[PDB]
Amino acid sequence: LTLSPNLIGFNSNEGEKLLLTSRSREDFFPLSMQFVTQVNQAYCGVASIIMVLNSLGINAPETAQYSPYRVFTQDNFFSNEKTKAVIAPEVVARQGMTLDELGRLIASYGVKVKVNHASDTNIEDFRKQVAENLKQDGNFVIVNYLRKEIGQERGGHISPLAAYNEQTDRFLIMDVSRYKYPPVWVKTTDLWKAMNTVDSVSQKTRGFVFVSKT
Amino acid sequence: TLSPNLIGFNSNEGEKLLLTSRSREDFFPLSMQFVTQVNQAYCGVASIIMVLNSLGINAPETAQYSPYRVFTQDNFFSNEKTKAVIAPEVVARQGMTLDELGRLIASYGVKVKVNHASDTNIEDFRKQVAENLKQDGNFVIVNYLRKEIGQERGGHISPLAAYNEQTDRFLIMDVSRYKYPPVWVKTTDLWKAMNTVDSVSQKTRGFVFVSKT
Ligand SMILES: [Ca+2]
Ligand SMILES: [Ca+2]
Ligand SMILES: [Ca+2]
Ligand SMILES: [Ca+2]
Ligand SMILES: [Ca+2]
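If you're matching them up, the sequences are chains A and B in order. According to this note's numbering, the first sequence is numbered sequentially starting from 1. According to this note's numbering, the second sequence is numbered sequentially starting from 1001.
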């Protein structure tokens, strides 16, 4: 779809160079290797989770799909009974997942998670802590934001962050709606504004999640 | 588990080879479309749809992503001419040969040049691919025997993303993402892998250039 003017698409010369001039891009290469297309909009969070968990090398489900190889897929993510217990795949397939549910679904695989609702932090701490993470291997960041607030269509979305460009104060979103939008470089204030919104399903603000190996 | 001759993209070295590469135009669009093969037999399908999506070729219209249109492994064979080249059920078992790969891409009105290893040479391959990897609007797919580059094991298909001039290595965007990462393979190893006879076709493997007519 059309990109709002305040967004710099990754599918451009300027978007490519913002990655090349970024000094906070460690997470991009592992995430790029795992980039997937959401099964549907509702599975925006499942696609983002398996990107991060595969990037972490989390020992994955053993199913007949790719046996003997082990890997997270949107098809086998809910093979974990505790994952289904958080929220069933039939339900996620309809309404997606909240930020809290996103954190718990990840924690149900033994992975360590830190959920940061926008209302519980600020933009300065968001920029600092996420930029630090994007310089570090072995951990990742997933964001949950209102697309409308960054000039996109339209509702709440979930997608990992891959890099941060210090010159432009922009974060790279690896948008799993690959049939709809490309990865975009978004200004920190725009992304903060979209995270500082209330998810009607949650009645809580959206935000960002830090994921790492326990 | 990669053999010593291969430099994995999941490495500091593999990342530098991309950052130090002057032949990497195709990586960024291909990265945006990177997909995991449904199964080994579909390595070619995952490869085709990566390239067709990158070229912006108008994609099938199906309920899955409607109104949006995109090439997926599940809908690639919605095209009757595509299915006429070789049926999805047969491709689901035995995959596709180099000739079938080209014809399958051509089934979508896309310009294709099939290059069998027996019809060219390593020098022209290195030369012609390195130049393609420096331009947009076209892409390279290779068909090769994994055994010859130190991998397991049979014939495989995947696109190329970049060429590292200083090491004479090509980066394979391996769509067997659960099995291997993208690898920087030396031109000598890749050619020897392409210069192998596929018993299904009784012809050598090779590479295909893809562009919009
Ligand atoms: Ca690193
Ligand atoms: Ca990180
Ligand atoms: Ca929602
Ligand atoms: Ca370009
Ligand atoms: Ca090219």
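Even for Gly, the Cβ is constructed at its ideal location relative to N, Cα and C.
query: For ligand 1, enumerate in chain order all residues having a CB closer than 6 Å to any of its heavy atoms.; result: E26/A and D137/A
query: Cβ closer than 7 Å: which chain A residues qualify as neighbours of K1179/B?; result: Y69
query: Listed in chain order, which residues of the segment 1064 to 1091 of chain B have Cβ atoms closer than 7 Å to some Cβ of chain A?; result: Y1065, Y1068 and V1070
query: Going by beta carbon distance, what residues of the same chain come within less than 8 Å of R170/A, once the five residues before and after it are set aside?; result: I8, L18, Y164, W185, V186, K187 and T188
query: By the three-class DSSP mapping on this structure, what secondary structure does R1022/B have?; result: coil
query: Cβ closer than 9 Å: which chain A residues qualify as neighbours of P1060/B?; result: Those do not exist, as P1060/B stays about 11 Å from chain A at its closest Cβ, beyond 9 Å.
query: Could you give the distance in angstroms between the alpha-carbon of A1106/B and the alpha-carbon of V1112/B?; result: 6 Å
query: When the distance is taken between beta carbons, is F126/A closer than 8 Å to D27/A?; result: no
query: Closer than 8 Å, CB to CB, is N1121/B near chain A or not?; result: no
query: Which residues in chain A have a C-beta closer than 8 Å to the C-beta of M1032/B? List them in chain order.; result: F10, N11, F35, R178, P182 and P183
query: If you reduce the DSSP assignment to three classes, tell me which class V130/A lands in.; result: helix
query: Name, going along the chain, the residues of the segment 1110 to 1144 of chain B whose beta-carbon falls closer than 9 Å to a beta-carbon of chain A.; result: none
query: Let me see if you follow: with CB-CB separation under 8 Å, is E1013/B close to chain A or not?; result: no
query: Using alpha carbons as the reference points, say which of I1141/B, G1206/B and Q1064/B lies closest to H1116/B.; result: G1206/B
query: Taking C-alpha atoms, which residue in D190/A, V209/A, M195/A and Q167/A lies nearest to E14/A?; result: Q167/A
query: Just checking: is the beta-carbon of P160/A within a distance shorter than 8 Å of some beta-carbon in chain B?; result: no
query: Give a yes or no on whether 8 Å exceeds the smallest Cβ distance from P1004/B to chain A.; result: no
query: Beta carbons nearer than 8 Å to chain A: which residues of the segment 1193 to 1207 of chain B have them?; result: none
query: Would you mind telling me which residues of chain A sit closer than 7 Å to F1170/B, beta carbon to beta carbon, in chain order?; result: In chain order: nothing, as chain A lies at least about 17 Å away.
query: Classify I49/A as helix, strand or coil using the three-state DSSP reduction.; result: helix
query: Between the Cα of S1003/B and those of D1119/B, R1153/B and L1104/B, spot the shortest distance and give me the residue it belongs to.; result: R1153/B
query: Using a beta-carbon distance below 8 Å, is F210/A in contact with chain B?; result: no
query: With C-beta atoms as the reference, is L1104/B less than 8 Å away from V1085/B?; result: yes
query: Figure out for me which residue from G1056/B, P1060/B, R1022/B and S1023/B has the closest Cα to the Cα of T1082/B.; result: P1060/B
query: Could you check where the alpha helix (DSSP H) with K1113/B kicks off and where it finishes?; result: Careful: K1113/B lies outside any alpha helix (DSSP H), inside the beta strand (DSSP E) at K1111 to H1116.
query: Kindly examine ligand 3 and report whether one of its heavy atoms sits closer than 7 Å to the Cβ of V46/A.; result: no
query: Kindly list the residues whose CB is nearer than 6 Å to the CB of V201/A, restricted to its own chain and excluding five residues on each side of it in sequence; keep chain order.; result: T98
query: Taking 8 Å as the threshold (C-beta atoms), are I1149/B and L1101/B in contact?; result: no
query: Ordered along the chain, which non-local residues of its own chain (more than five positions away) have a Cβ less than 6 Å from that of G156/A?; result: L146 and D199
query: Got a sec? Which residues, its chain only, sit under 8 Å from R70/A by beta carbon, not counting five neighbours each side?; result: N59, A60, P61 and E62
query: Output the distance between the C-alpha atoms of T1196/B and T1204/B, rounded to the nearest integer angstrom.; result: 5 Å
query: Applying the criterion that 16 or more other CB atoms from any shown protein chain within 10 Å of the CB defines a buried residue, is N133/A buried or exposed?; result: buried
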